[PDB]
Amino acid sequence: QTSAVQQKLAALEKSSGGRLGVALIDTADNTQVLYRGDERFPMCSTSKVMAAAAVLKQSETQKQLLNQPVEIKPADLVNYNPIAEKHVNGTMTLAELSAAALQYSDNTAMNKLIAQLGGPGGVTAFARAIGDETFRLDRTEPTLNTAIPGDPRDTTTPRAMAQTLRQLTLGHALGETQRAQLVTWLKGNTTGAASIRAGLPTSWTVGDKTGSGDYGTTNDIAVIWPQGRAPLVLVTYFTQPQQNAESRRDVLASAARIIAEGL
Ligand SMILES: O=C(Nc1cccc(-c2nnn[nH]2)c1)c1cc(-n2cccn2)cc(C(F)(F)F)c1
Ligand SMILES: O=C(Nc1cccc(-c2nnn[nH]2)c1)c1cc(-n2cccn2)cc(C(F)(F)F)c1
């Protein structure tokens with residue numbers, strides 16, 4: 001069956017020229033709305049949530065882990081390092097790296113999280129341990145954002161990412177304090193006001209992680225507390241066939257607006 005919401009999302013997609021993937025979980029009734037929900041999309045920096053969450057899980061058996069220093073050397077800086085470049089020839093704690101990766105989208109900070117987990121496969125191993133059989137992280141920053149059509153590397157599906165984000169932020173994949181920490185970090189994101197948030201009523205509260213890359217890839221994953229109802233989890237992924245395409249945060253906002261109007 002195709003719903004009215006799905007027809008609206010298909011119209012939005014057709015007007016955009018690209019490929020749009022949406023998954024909503026409404027935690028009041030556990031129902032789901034999907035559009036291309038089982039197709040693969042490049043995650044880009046939305047993968048930083050899984051990396052930070054994997055380090056939070058390690059912290060549950062090491063009370064001092066988030067205070068642990070990690071060396072930032074000049075050779076470690078990559079292509080987008082707004083926080084890490086202030087700490088070159090110094091250190092950042094795993095908490096500081098997590099906050100930088102999530103709230104500022106710092107790519108050097110992400111690379112330190114991946115290294116703490118033993119490489120991209122250590123992030124995938126955590127995803128499997130929390131029931132996500134779809135997520136895969138194959139590369140470090142910045143090349144995990146190449147976003148080449150048909151490339152399986154560094155991809156997931158909307159359905160899988162929405163289920164995982166629900167389990168991490170609202171369910172019991174993390175201990176209570178760690179889940180609260182992840183929620184606090186997401187709610188303090190600096191990069192999201194033009195993406196999912198821009199399609200939602202202003203009274204609703206959002207925590208989110210954005211991503212973008214080549215092929216005009218533009219992504220956002222969010223946990224949403226709407227006024228007067230239980231939380232929603234929403235993933236909006238978008239990628240374009242035209243390699244030099246501009247990113248389209250407004251398409252993510254428009255998908256969120258359609259979803260909100262359908263509730
Ligand atoms: O910094 C970024 N992108 C980046 C960084 C370094 C190199 C290149 C690149 N390499 N080759 N060509 N461009 C691109 C970047 C982009 C966006 N964004 C643009 C459109 C939609 N979202 C948002 C953010 C932020 F959320 F963090 F704020 C960072
Ligand atoms: O690293 C990147 N982008 C980035 C960096 C930091 C934060 C964010 C972000 N966060 N939230 N939204 N965007 C995005 C990035 C971007 C591009 N690119 C090419 C055309 C447009 N883009 C290519 C590459 C790669 F060639 F190396 F693969 C990496």
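Counting starts at 1 for both ligands and their atoms, in listed order. No hydrogens, no waters, no symmetry mates; every other heavy atom, side chains included, goes into these values. Along the sequence shown, residues are numbered consecutively beginning with 1.
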Quiz item: Is the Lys NZ or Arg CZ of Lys187 less than 6.0 Å from the centre of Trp225's six-membered ring, within 45° of the axis?
Solution: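 Judged by the rule, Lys187 and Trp225 form a cation-pi pair.
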Practice problem: With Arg19 as the cation and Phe41 as the aromatic partner, state whether NZ or CZ is under 6.0 Å from the six-membered ring centre and within 45° of the axis. | Solution: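 Checked: cation-pi criterion met.
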To which protein heavy atom is [atom] closest, and what is the distance rounded to 0.1 Å?
atom                    : result
atom 18 (N) of ligand 2 : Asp214 N, 3.6 Å
atom 21 (C) of ligand 2 : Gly213 O, 3.5 Å
atom 11 (N) of ligand 2 : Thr210 OG1, 2.8 Å
atom 2 (C) of ligand 2  : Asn79 ND2, 3.4 Å
atom 8 (C) of ligand 2  : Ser45 OG, 3.8 Å
atom 25 (C) of ligand 2 : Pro142 O, 3.6 Å
atom 5 (C) of ligand 2  : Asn107 ND2, 3.3 Å

Checking [Y] against [X]: is there a side-chain donor and acceptor pair closer than 3.5 Å?
X      : Y      : answer
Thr218 : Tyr237 : no
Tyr80  : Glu141 : no
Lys86  : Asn81  : no

Quiz item: Is atom 14 (C) of ligand 1 less than 4.0 angstrom from at least one protein heavy atom?
Solution: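 No.
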Quiz item: Heavy-atom distance from atom 28 (F) of ligand 1 to the protein below 4.0 Å?
Solution: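 Given the 4.0 Å limit, the answer for atom 28 (F) of ligand 1 is yes, a protein heavy atom qualifies.
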Quiz prompt | ligand 1 atoms in contact with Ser212 (distance to a heavy atom under 4.0 Å) | solution =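 Close to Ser212: 16 (C), 17 (C), 18 (N), 22 (N).
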Self-check item: For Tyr80, the ligand 1 atoms whose distance to one of its heavy atoms is below 4.0 Å
Solution: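 Going through ligand 1 atom by atom, the ones under 4.0 Å from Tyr80 are 1 (O), 27 (F), 28 (F).
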Exercise. Please answer whether the main-chain N or O of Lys73 pairs with a side-chain N or O of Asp76 as donor and acceptor at a distance below 3.5 Å.
Key: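 The answer is yes, because a donor-acceptor pair under 3.5 Å joins these two groups.
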Quiz item: Where the side chain of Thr46 meets the backbone of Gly211, is there a donor-acceptor pair that is under 3.5 Å apart?
Solution: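 Such a contact is absent between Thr46 side chain and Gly211 backbone.
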Quiz prompt | Electrostatic pair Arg197:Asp208 at N-O distance under 4.0 angstrom | solution =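 Looking at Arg197 and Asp208, the cut-off is met.
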Quiz prompt | Pairs touching residues 219-243 that satisfy salt bridge (charged side-chain N to carboxylate O under 4.0 Å, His left out), sequence neighbours left out | solution =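 Listed once each, the pairs are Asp26-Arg229.
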Practice problem: Could you tell me whether ligand 2 has any atom less than 4.0 Å away from a heavy atom of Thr191? | Solution: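 For ligand 2, residue contact (heavy atoms, under 4.0 Å) with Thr191 is absent.
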Practice problem: With heavy atoms under 4.0 Å as the rule, classify the contact between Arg249 and ligand 1 as side chain, backbone, both or neither. | Solution: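 For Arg249, the contact with ligand 1 is made by the side chain alone.
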Quiz item: Numbering the atoms of ligand 2 from 1, which are under 4.0 Å from a heavy atom of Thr146?
Solution: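 With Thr146 as reference, the close atoms of ligand 2 come out as 28 (F).
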Quiz item: Just distances here: any N/O of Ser105 and N/O of ligand 2 closer than 3.5 Å?
Solution: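 Right, the criterion is met.
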Quiz item: Who are the side chain to side chain contact (heavy atoms under 4.5 Å, CB included) partners of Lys63, not counting sequence neighbours?
Solution: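 Here no residue qualifies.
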Practice problem: Look at atom 20 (C) of ligand 1 and find which of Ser247, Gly192, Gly211 reaches it with the closest heavy atom. | Solution: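 Shortest heavy-atom distance from atom 20 (C) of ligand 1: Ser247.
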